[PDB]
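Coordinate analysis (summary)
Now for the letters of each chain:
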Amino acid sequence: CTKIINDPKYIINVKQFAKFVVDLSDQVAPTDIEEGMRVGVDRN
Amino acid sequence: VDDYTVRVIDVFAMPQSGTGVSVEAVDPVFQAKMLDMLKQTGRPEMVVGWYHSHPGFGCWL
Amino acid sequence: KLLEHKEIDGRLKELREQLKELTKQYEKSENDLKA
Amino acid sequence: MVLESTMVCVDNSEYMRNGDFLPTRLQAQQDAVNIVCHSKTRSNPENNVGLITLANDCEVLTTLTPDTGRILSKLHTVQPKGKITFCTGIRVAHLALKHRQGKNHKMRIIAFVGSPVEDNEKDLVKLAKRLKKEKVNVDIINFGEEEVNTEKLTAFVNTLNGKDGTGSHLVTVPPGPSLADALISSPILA
Amino acid sequence: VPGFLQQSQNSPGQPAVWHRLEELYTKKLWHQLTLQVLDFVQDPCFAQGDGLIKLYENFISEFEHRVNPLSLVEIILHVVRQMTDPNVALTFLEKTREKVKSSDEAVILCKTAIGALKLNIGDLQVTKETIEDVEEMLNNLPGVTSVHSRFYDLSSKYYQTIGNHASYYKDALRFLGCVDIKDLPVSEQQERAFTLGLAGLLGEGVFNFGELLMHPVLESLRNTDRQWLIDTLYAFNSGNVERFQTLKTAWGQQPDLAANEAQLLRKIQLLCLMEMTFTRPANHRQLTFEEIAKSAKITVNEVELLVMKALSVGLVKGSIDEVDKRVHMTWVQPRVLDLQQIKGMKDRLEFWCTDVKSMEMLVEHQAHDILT
Amino acid sequence: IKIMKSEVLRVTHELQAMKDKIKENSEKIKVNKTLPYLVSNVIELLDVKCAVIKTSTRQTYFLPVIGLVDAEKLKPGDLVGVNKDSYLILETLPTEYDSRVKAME
Amino acid sequence: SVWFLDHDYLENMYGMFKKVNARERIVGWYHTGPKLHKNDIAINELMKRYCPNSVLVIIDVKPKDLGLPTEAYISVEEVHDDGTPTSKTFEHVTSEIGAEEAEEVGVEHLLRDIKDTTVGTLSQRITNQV
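Residues numbered from 1 in each chain as written, not as in the entry; some residues may be left out. Chains lettered and ligands numbered in written order. Part of a larger assembly, values for the part shown. Heavy atoms only, no water.

As annotated in the PDB entry, chain A carries the name 26S proteasome regulatory subunit 7 and comes from Homo sapiens.

Here it is in structure tokens:
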């Protein structure tokens, strides 16, 4: 997650695929994800 | 019409939505008003099924 | 009574300008949907 | 509480523009239509009301709607710049009623005859006979200048209900107070 | 004020009409009163001075709906023609225009009235400006209405005063189409027909002449009183000599015809060439030089120039040969027809369709196996 | 006097109807704005109002219309979040700095 | 002179279709009646209320082997020039039936059993000439 946007939005770099602006699933809490942390994302 | 035949006469598109082709793509208000207004014209048909386009990939689910 | 009637014109004229702006705002909303 | 669909025929003929009524003929008819629509909608919250202009050939400005807002909005810009054709207007209103959303609603037509009806008596009687069996009640509101209790209109209303009459009335308003108040008495109450 | 018309009621019109107008005013039945006023201004009694009207019509002017602002301008134009003062007529028209900005149709009639009244004094580019402005406004109107008649009347009057004939002929045809035909004085019909005929005869670019035979204006009037106009129009349309009728007319109608006799003769020769092309069997389209010289009464050497002019203006699309003294004819400019001409065309097309059917039947029968 | 009632009623009804229909339009746009927002850059902006977008996937796409943002408030190089497949610009994105860029400070 | 056409129904249908596909704006009306009708002018004016340039395409539903099944008409108000009364009438505009890729594919699939071979076989050429 390169950057956190403020419902918060997250900019995520999928290594080399592309840059995406995604939001967390209900499973995780917003406090858990911090800027610069590598996090998993669903393929769809 | 019977057990061994499903006849489709008309197909009306549902508006494109961010959800995609999912249960939430069937805007209930849009579908209800479309059916109500098509009944007046003379098409009192039931909803027999749904169709969705699979660009690129073939016909599967 | 003339002042009161003119006062009503002020409230009425304010709404007319507002609705014109709202129509201009909406006409943009239609444009972006088409795009 | 009776479920009925009203299709008010507001006249926008050139004669609708000699203001024998206080503000003007057009304003008097606008107030009348406002009062009639409000009364019909309040009497039952699921009833409908629409308006057809009777000038030139005809117009269907507001097809049957449950809200009086569309009717009132279309009533402005009536622009009385034509001539009336009563039989054609009633026929168009009957067609519109036939296109009713809910068939249960009772037929009812309110006509604002503000200009002379240059139609033969035979045509009016035939139209009344057709409306009778069809089951459509027309309430004629003679307006302003005319042959007092116009013979053609009175005969039309009489043939619309023979030997028994309800929901079919003719109201003649001599010049004076705004016709909006008068309509609240005869048609709206009964 | 309301009794002022009563005072006028006592002894310029009829007591009954004055009383009816007063009652209509009192009853507030303004539209019926407006129809009565329009009829009243139609009365011949308005011949010298008005004074009282438009001062009684202040109510029309102030009232937002003096019935149709078109009707108000109709009354105002009659009043202006009554007062007949050029200096103040224009200002009165300006005030009327200001009062009737609501109806774009009303403004057209006001502009036409100011142009017509002003056409007598200073009929210069300023008038053409009004004509162009009405053109721009009139082209925006939803459809043909009462203002178009006034516009085209003003245009016809203007062009007649400028000298331009073909444009006047076109605009007079347009006006006659845009009016009732009948509901006209009959004398006015005859005058308009005479002016239209003269404009067509003298028209620098008009040779159609197809509306002389069919337009009711030329038929109902000019039938007996000075038929020479219709005679010369028929001569031009047929393209024959009819020079004796031209001399007969030259005796009369000296202005606009004696001066332009040369142009008229050139036009009649050019139309004689057209009639020669017409009467030809459509196969022997080659025209001998002697035949054209005899038909148009032009010397042997004049036919070359005549045919060249006919080709140049855009009336024939053929070619000319000098060695054989025959002129190739390929005619594109169409012509008006007559019931007998239509019957001839109909039987010729019947022959054509019978030939086509015969050929189709032959092909179908000969190729039954391959048809499929 | 007439203006008061007539205009009040007509304009109030018009305002309410347009408010409801604008709310419907806004809801439609909000629901249609799918969140993925494939990040992209606007290499150039050309007048027909149209944009040339180079996606983070290393592809450039010409846009017949800019999208849900305003052409005036845009310029070459801006971070615009275009849709995954439609490639239409959905929303401007604030100037982002890669983790390395922040670390260099 | 009596004819009822839904205004609200037309507007609601147009709104639905705009939601489905906004590139399509109202351009006119069609009626399957083989011949024009005396009340067609009023309907054309009502359509013009929604689109100034309205084209009436008379789509006959009777298969005629000679000619296209469409006839696009427009409303023209002029002065007629040639001194004749003017009226609403109906000016004619050339009509032709085209198709897009999807409609073309559907048509080709539908008429793959009654379609003549593409290519100028002498049989088809002689038949066309006939």
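**Digging into the overall build of chain A**
Test applied: Think of it this way: any DSSP run of H or I at least four residues long counts as a helix, any run of E at least two long counts as a strand, and we number them from the N terminus. The accessible surface values rely on the Shrake-Rupley method and a 1.4 Å probe; as for residues, cover is taken only from the protein chains in view.
Scanning chain A from terminus to terminus reveals zero helices and three strands. Listed by position from the N terminus, the elements making up chain A come as β-β-β. Considered along the principal axes of its C-alpha atoms, chain A spans approximately 25 × 20 × 15 Å. If you sum the accessible surface of chain A, you get close to 3,400 Å²; carbon and sulfur atoms cover 49% of it.

**Side note on the sheet that holds strand β1 (residues 3–5) of chain A**
Residues and elements named next belong to chain A. Inclusion rule: A pair of strands is labelled paired if DSSP reports no fewer than 2 bridges between them. To obtain each axis, a line is fitted to C-alpha atoms, and for helices this fit is confined to the stretch in contact; angles are then taken between N-to-C directions over 0 to 180 degrees.
One open sheet holds the three strands; their spatial order is β1-β2-β3, and the pairing between them is antiparallel. The open sheet has two edge strands, β1 and β3 (19–22), and neither has a second partner. Strand-to-strand twist across the sheet, computed as the mean angle between neighbouring axes with direction ignored, equals 25°. In this sheet, strand β2 (residues 9–13) lies alongside β1 in antiparallel orientation, the contact comprising three bridges. Each bridged residue has a counterpart across the sheet, and for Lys 3 the counterpart in β2 is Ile 11.

**Structural notes on the packing of helix α3 (residues 30–41) of chain E against helix α5 (residues 69–83) of chain E**
Residue and element names in this part refer to chain E. Quick note on the threshold: Geometric relationships in this document are graded by angle, where less than 35 degrees denotes roughly parallel, more than 145 denotes roughly antiparallel, 65 to 115 denotes roughly perpendicular, and other angles denote oblique. Rotating anticlockwise by less than a right angle from the far helix to the near helix defines a left-handed crossing, while the corresponding clockwise rotation defines a right-handed one. The contact criterion used is simple: two residues touch if any of their non-hydrogen atoms lie within 4.5 Å. Throughout, the ten residues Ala, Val, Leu, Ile, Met, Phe, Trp, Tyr, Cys and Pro are labelled nonpolar, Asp, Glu, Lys and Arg are labelled charged, and all others, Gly among them, are labelled polar.
Interaxial distance between α3 and α5 falls to 10 Å at its minimum, and their mutual angle equals 25°. Classified by the angle between their axes, α3 and α5 sit roughly parallel to one another. In the crossing of α3 with α5, the sense of the turn from one axis to the other is left-handed. Two secondary-structure elements touch here, α3 through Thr 34, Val 37, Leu 38 and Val 41 and α5 through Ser 71, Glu 74, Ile 75 and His 78. In terms of residue class, the contact of α3 with α5 is made up of four nonpolar, three polar and one charged.

**Structural notes on the interface of chain F and chain C**
Our working definition: Two parts placed together each lose some accessible area under a 1.4 Å probe, and adding up what both lose gives the buried area. Throughout this description, a polar contact denotes any pair of N or O atoms lying within 3.5 Å of each other; where both atoms belong to protein, one of them has to be capable of donating a hydrogen while the other can accept it, and for residues adjacent in sequence the pair is counted only when both atoms sit in side chains.
Counting residues at the interface gives 20 residues for chain F and 18 residues for chain C. Across the chain F/chain C interface, buried area totals approximately 1,800 Å², and carbon plus sulfur atoms make up 71% of it. At the surface where chain F touches chain C, the tally comes to three residue pairs in polar contact. Tallied by class, residues from the side of chain F that touches chain C come to 12 nonpolar, three polar and five charged.

**So, unusual backbone geometry**
Its identity is not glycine, yet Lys 15 of chain A carries a phi of approximately 35°, on the positive side. In this structure, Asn 56 of chain D is a non-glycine residue whose phi angle is positive, near 60°. Relative to the helices and strands, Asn 56 of chain D resides in the loop between β2 (48–53) and β3 (59–65).

**Considerations on the pairing of strand β5 (residues 89–92) of chain F**
All names here are of chain F. Relative to β5, strand β4 (residues 79–82) runs antiparallel, the two being bridged by three bridges. For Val 82, the partnering residue across the bridge sits in β5 and is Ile 89. Where β4 folds back onto β5 in an antiparallel hairpin, the turn is made up of six residues, including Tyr 87, whose phi is positive at roughly 65°.

**A closer look at the sheet that holds strand β1 (residues 38–46) of chain F**
Residues and elements named next belong to chain F. Reading across from one edge, β3-β2-β1-β4-β5 is the order of the five strands in this open sheet, with antiparallel pairing throughout. The strands lining the two open edges of the sheet, one partner per strand, are β3 (59–63) and β5. The sheet shows a mean angle of 40° between the axes of neighbouring strands, taken without regard to direction. As defined by bridge partners, strand β2 (residues 50–55) adjoins β3 across five bridges and the pair is classed as antiparallel. Within the sheet, the bridge partner assigned to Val 52 lies in β3 and is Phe 62.

**Topic: the interface of chain B and chain G**
Here is the rule we go by: Salt bridge, as used here, is a side-chain nitrogen of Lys or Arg placed within 4 Å of a carboxyl oxygen of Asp or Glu.
With 10 residues of chain B in contact, the opposing surface of chain G contributes six residues. Roughly 790 Å² of surface becomes buried between chain B and chain G when both sides are summed, with 76% attributable to carbon and sulfur atoms. When the buried surface of chain B facing chain G is broken down by residue, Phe 30, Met 34 and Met 37 of chain B rank first, second and third, together holding 55% of it. Linking chain B with chain G are zero salt bridges. Joining chain B to chain G, the criterion identifies two residue pairs in polar contact. Partitioned by chemical class, the residues of the side of chain B that touches chain G number seven nonpolar, two polar and one charged.

**Comments concerning the arrangement of the chains**
Out of 11 pairs of chains that touch, the pair holding the most contacts is chains C and F. A minimum C-alpha distance of 25 Å separates chain A and chain G, which share no contact.

**Focus on the packing of aromatic side chains**
To keep things clear, this is the line we draw: Note on ring pairs: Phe, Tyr and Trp rings are taken, using the six-membered ring of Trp, and paired if centres are within 6.5 Å. Classes follow the plane angle, with under 30 degrees stacked, over 60 edge-to-face and the rest tilted.
Applying the stated criterion across every chain yields a total of 18 aromatic pairs over all chains. Taken together, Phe 21, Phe 112 and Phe 143 of chain D form an aromatic cluster joined through their ring pairs.

**Focus on a nonpolar patch on the surface**
Residues and elements named next belong to chain B. So the rule is basically this: Two joining distances apply to patches: 9 Å for like charges and 5 Å for nonpolar side chains (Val, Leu, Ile, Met, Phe, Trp, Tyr), and every residue must have over 30% relative accessible area and no salt bridge. Each residue's exposure class comes from its accessible area (1.4 Å probe, protein chains only) as a fraction of the maximum for that residue type: buried when under 20%, exposed when over 50%, partly exposed otherwise.
On the surface, a nonpolar cluster with roughly 450 Å² of combined accessible area is contributed by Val 6, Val 8, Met 46 and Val 48. In this fold, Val 8 is placed in the segment before α1 (28–41). Take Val 8: its relative accessible area is 64%, and that puts it in the exposed class.

**Regarding the nonpolar core**
Across soluble globular proteins, you tend to see nonpolar side chains buried next to one another. Cut-off, in case you're wondering: Remark: nonpolar core denotes a set of buried residues (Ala, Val, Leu, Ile, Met, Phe, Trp, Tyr, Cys) joined through side-chain atoms within 4.5 Å.
One finds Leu 33, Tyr 56, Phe 209 and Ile 292 of chain E to be the most contacted residues of the largest nonpolar core, which totals 95 residues. Apart from residues lying up to four places away in sequence, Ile 292 of chain E is in contact with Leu 273, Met 276, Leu 287, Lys 297, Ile 298, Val 303 and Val 307 of chain E. Within the second largest apolar cluster, 32 residues are counted, among which are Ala 93, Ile 109, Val 117 and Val 136 of chain D.

**Thoughts on the side chain of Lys 152 of chain D**
Residues and elements named next belong to chain D. As for its position among the elements, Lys 152 is in helix α5 (residues 151–160). A relative accessible area of 13% places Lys 152 in the buried class. Each residue touching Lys 152, except ones within four places of it in the same chain, is listed here: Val 117, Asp 119 and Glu 121.

**Focus on the packing of helix α1 (residues 25–43) of chain D against helix α2 (residues 68–75) of chain D**
Residues and elements named next belong to chain D. Direction vectors running N to C along α1 and α2 enclose 175°, while the axes themselves pass 10 Å from each other. Classified by the angle between their axes, α1 and α2 sit roughly antiparallel to one another. Here α1 contributes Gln 29, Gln 30, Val 33, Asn 34, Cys 37, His 38 and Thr 41 to the contact with α2, which in turn contributes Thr 68, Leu 72 and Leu 75. Per-class residue counts for the contact of α1 with α2 are four nonpolar, six polar and no charged.

**Regarding α5 of chain E**
Think of an α-helix as turning once every 3.6 residues; residues three or four places apart then point the same way. All names here are of chain E. Selection rule: The span expected for a helix works out to 1.5 Å for each residue beyond the first.
Look at α5: 20 Å from first C-alpha to last across 15 residues, which is about the 21 Å you get at 1.5 Å a residue. When α5 is considered as a whole, its buried residues turn out to be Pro 69, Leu 70, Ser 71, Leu 72, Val 73, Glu 74, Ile 75, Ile 76, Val 79, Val 80 and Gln 82. Buried-residue contacts for α5 involve α3, α4 (58–62), α6 (86–99), α7 (104–119) and α9 (146–162). After α5 finishes, the residue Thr 84 shows a positive phi value of roughly 40°.

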